[PDB]
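One chain comes next, on its own, written out as structure tokens in the form deposited in one PDB entry.
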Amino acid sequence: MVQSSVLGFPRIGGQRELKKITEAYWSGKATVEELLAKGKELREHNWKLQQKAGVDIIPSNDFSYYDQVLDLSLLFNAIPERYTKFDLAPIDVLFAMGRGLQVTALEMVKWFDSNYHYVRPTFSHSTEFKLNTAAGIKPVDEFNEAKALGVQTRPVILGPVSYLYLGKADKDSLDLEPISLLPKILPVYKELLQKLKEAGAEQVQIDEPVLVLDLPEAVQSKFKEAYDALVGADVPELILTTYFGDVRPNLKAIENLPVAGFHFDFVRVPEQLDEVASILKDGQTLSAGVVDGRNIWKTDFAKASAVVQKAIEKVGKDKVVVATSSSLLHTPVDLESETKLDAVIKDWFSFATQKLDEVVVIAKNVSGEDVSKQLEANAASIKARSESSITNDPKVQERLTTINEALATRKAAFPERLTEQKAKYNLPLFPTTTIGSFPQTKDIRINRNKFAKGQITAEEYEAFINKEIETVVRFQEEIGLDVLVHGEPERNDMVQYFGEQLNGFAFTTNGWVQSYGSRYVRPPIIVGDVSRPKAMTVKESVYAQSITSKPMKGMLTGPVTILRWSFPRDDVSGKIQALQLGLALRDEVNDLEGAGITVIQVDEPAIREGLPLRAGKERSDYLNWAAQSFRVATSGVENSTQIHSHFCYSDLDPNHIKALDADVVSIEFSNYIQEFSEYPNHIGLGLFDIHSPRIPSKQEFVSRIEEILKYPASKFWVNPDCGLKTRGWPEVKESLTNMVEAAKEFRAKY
């Protein structure tokens, strides 16, 4: 009979219990031991959930108070000195490294192309790798905890190659190649596996996801070295686990490994099956990832089963395992918590708890068990979705056909646009602006709330918001910034604010996923053809513009970001989703401009995140369609309308930037500048860091603009890295005057 397997379970709790206890711990409200007690409770409950569902292979060590990579960093001693001389207990060294100390946290990084973030493994020349008993041995201890409940588990750890390859050298050891520490770390993994074996762990899931990445040959040889060194009689069997993409270009690196088996992701790349199956040795098992670990759609049991059967056919039923494609970390906990969803819609979904039942049902179906009831219920749910008008919008379909060159091209090229814009706005050289969001007051939320419970009227809350915009615009004026923003006080998440106002979307009350730390998101879901029925942002920008003579930036989140930070449709391409969004946002841009908001900025903070993980056709089509969707949203406007675009990734492919043809591009950027020397359009290389205090001076700033001018001055805007939502009013006062005053100097040197 075919076994079922789960690669990881989200640990936040059905009621966000993990957030509340960890936050209460950090803020003094809860003891360390009450923190450990909620932990056990969460693990117990999640193990029990999986046992009761009937999952055969059940993970342990997937739990974490913060980040699983960090947990491994704590466990192997990759713990820089600075964190060590504050007498912090190791759990508190944990929290120091992740979320800093009144010392900066270690770097947060995007975990592949998910919207989960991990803590960078950081390594020095001095780093000595060892297990530490007295800190407890997390994977061993949690494996023992589950065994005592009568639940045998499979520890999950990130393998050595991936762990090293994703870490970076610390400041003090700049010249180090992390890959090179491989001899130094294998012994420690060995010893950990020895101790997991002693405890009674028979199998271990060893994550090597960097196999789905373009790897240098020199890095590929390291799998044979690493795994030759780990496998043995004194250790558990190893299931080398990959997810999120296609391992075929690295197939040679793993075709003669002494591991007991492999896992691959056949949701994201079903087509790799045949090749990866072909290299299985006698005895090695194949874990077939066929229940999506990253999206929330009810699995098609017939198609998933046919994927598993294709593997059975190549390899034999006793050597295949039905699996989630990745850890379920990236999905919400429990659909049954959703109180507001239409039952028709809810019938399309499965969250992490429902996905447990899916891998069990799928395993049974391919085992030969009659599960024809479930298959029929499932087939009925799938058939209903693919017919619903909630997904069939004939107007949007027709509008898609109208997409062409003209529709993604401005009426004139930038040099001609600049003339009409200099006349219309007559901005001074070194124009000063900001990215959109400012610090926010307590009256805000209470006012939002009162209007939500019906306490104040729409024509009470609308005035509370305009006063807050008025406060924000008045401040900028006296400060003397040239192009202004409204502060975004009417706004929640920069995506949900748009999703709620767009057809084709649904929202959850409890669909929470961990983004980083104790900090969670509740992404919108795209269920169908998207359109914009009416004005989303116009009223607030029209009000801010009516109160001042200065040009007011309207403010949009771009189509790629709305797509990437939502759960997408899996029955249509990302691309098609992005272009529907481009067209809906086009209507918004047009209404904005129509209302006299003729400066408009578009934020695409998720452009890099959606980048296909391998270079190739998929990567360059993405850049073409990512750019194309942006241009479809912004190209209907007059030559005197000024289009801005903001980015948070500093290493953003210059050519993608040029491909947008924004009048102005603002980019986080505290050489490369030269790529734009002969590109006409204007650019504000973000001159300073939005994520900390320390208000820089005239010459802090000043040195910058000369150092950047070492790029022509006719094209330079002065602005920070991002919005200031994450800061306070005092530190914002000076920064911005110091910023402006700095600009005024150059400006008044011509």
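Note that residue numbering begins at 1 and tracks the sequence as displayed. In this text, rigid core is short for the largest set of C-alphas that superpose within 1.5 Å between two forms.
- Compared with other entries of the same protein, residue 700 falls outside the group left without coordinates by a third of them; all model it where both flanks are modelled.
- Compared with the other entries of this protein, residue 691 is frequently left unbuilt, missing from a third or more of those that build its neighbours.
- Coordinates are lacking for 1 to 3 deposited residues between residue 710 and residue 711.
- The entry models residue 102 and residue 103 with a gap of 10 or more deposited residues left without coordinates.
- A summary of the deposited B-factors shows that, of 281-289 and 180-188, the stretch with the larger mean C-alpha value is 180-188.
- Mean CA B-factor, 103-111 versus 171-179: the higher value falls on 171-179.
- In the deposited coordinates, the residue among 128, 255, 591, 271 with the greatest CA B-factor is 128.
- Comparing the listed residues 122, 501, 324, 508, the entry records the largest Cα B-factor for 122.
- Annotation for residue 689: CA B-factor lies in the highest third of the chain's modelled residues.
- Among all modelled residues in this chain, the alpha-carbon of residue 7 has a temperature factor (C-alpha) in the lowest third.
- In the PDB entry, a CA B factor belonging to the highest third of its chain's modelled residues is recorded for residue 703.
- The PDB entry assigns residue 716 a C-alpha temperature factor belonging to the highest third of its chain's modelled residues.
- In the deposited entry, the Cα temperature factor of residue 474 sits in the top third of values across the chain's modelled residues.
FYI, the form deposited in another entry isn't displayed, but the following is about it.
- Here the two forms are overlaid on the core, and between the shown form and the other one the C-alpha of 476 is the only one among 162, 365, 114, 476 to shift by 2 Å or more.
- When two forms of a protein are overlaid on their rigid core, residues whose CA moves 2 Å or more are considered shifted, and residue 719 is one of them between the shown form and the other one.
- Residue displacement note: residue 735 has its CA displaced by at least 2 Å between the shown form and the other one (rigid core superposed).
- Residue 615 shows a C-alpha shift below 2 Å between the shown form and the other one [criterion: core-superposed Cα displacement of 2 Å].
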